[PDB]
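Just one chain follows, in the form deposited in one PDB entry, and it is written as structure tokens.
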């Protein structure tokens, strides 16, 4: 048997097979398996060499990933699955993996039943330093089992600190993965990792590659049997796709994309002004935080003109010298002298973790009562007991925790307190008057968040604004959300190192803004329904978190 002989002879042994089936049954957080030294060593070495000589990889980055790919439609990479003339060993590899012999073995140990021999579905990718793939479940089309065969250097050990681990996530509920993974597989040459595709459950990701090494892999899927194949059931595939394609789940997303309506006093002030002038006292108040260049008569005129022309502002050195210096000092001190929580269970007041991880992950201060979501019950409690932001109470709580601890260089809340003070400034009636002056728009609601995006952990994905549905019938209220981001990231290397963390606004060139983290910048965007936004995953190589203050307002023409 020329097929059987191209695999490790152990895989044809009944005792081995039963042992592996048991391993898979007993695995966590959902059923998965691995086999070491799977394929004939000479064959797999020859495949690696063919790939190196015949395939050219191209970096592709999206919100969800950065991966060096070879699957371009025109086959300019050199990989054409319809014509493997220059890769005969790869041809042999695909043939043996989709053989009846292997499929019968593989379907048995995974309890997946019959698998398609003809619907071959493989991809060849490399992950180099900074490459990653964020949380997802693989539930697409007729996929039945996911597999990844790893081909890093056969004569060197791939090490845990290299990154590139396959990580698997437990679930709080179906389609609601826990923020932190519970298993990690470190890939080696000729090792295969695999799992039955599980709608709602099979959440996994590829840990960023943290060093200058090349993680080469062949990712594939076994599919539901097709017409004329063993195990084919007419209608099975159609039913599977339908049941996986066909908004209760938004309840499990935190923070909520919700704004609170402003006071009668506030709205009157904005209306009165826009039906042109700030008092000297009001300018004095603004000058406590904002640079003089953005408060001068001609500075304001320029900003007003820019907003009219672009429906956005990108302001540099937004905060004045005093506040910029204060914030830089306290943020740098926290970055360099304090320990950051790197698991949601370890996050303490005033911080929360954005969830679920197939949508976002980051730390935030919202001014609401402390939440740490580890169980379904924790989430249900929050939903039954909505509370509203209160930044002064949050400040108060911080002082009491701090005074109990001693307020040292290791545990002080100087950064959080300074950032909350900044949030309170932006919550002030006078700030919103200034915002109204710049935009000729009348804020009627607000949400303010302080965010920290940790290296190797944090990101958001491309999403649209959420309109205040109670305000939809109001003809004065514009069909848009005004969104501000005050970036306070003190480290460098973001652009040159491609460290992620950039704020991206695009139309659904479609890119409106692509802004790597910087220090003391203020972005303002009037978002209509279609505009997409995200903050890119922050690389482990970043020398600080991305820190910012995120602000959102419903607005009326005034």
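Numbering follows the first chain given and starts at 1. Only residues modelled in both forms are compared. Think of the rigid core as the biggest set of C-alphas that the two forms share within 1.5 Å after superposition.
A second form of this protein, the form deposited in another entry, is not displayed here; the remarks below concern that form.
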Core-fitted Cα difference of 2 Å or more between this form and the one not shown, single residue among 388, 336, 227, 308: 227
Post core alignment: residue 52 C-alpha displaced by 2 Å or more between this form and the one not shown: no
Exceeds or equals 2 Å, Cα of residue 496 between this form and the one not shown, core fit: yes
Sense of CA distance change between residue 231 and residue 192 in the other form, threshold 3 Å: farther
Direction of Cα pair change residue 231-residue 194 in the other form, magnitude 3 angstroms or more: farther
Residue ranges moving between this form and the one not shown (criterion: at least three consecutive CA positions shifted 2 angstroms or more, core aligned): 74-79, 227-231, 234-236, 495-497
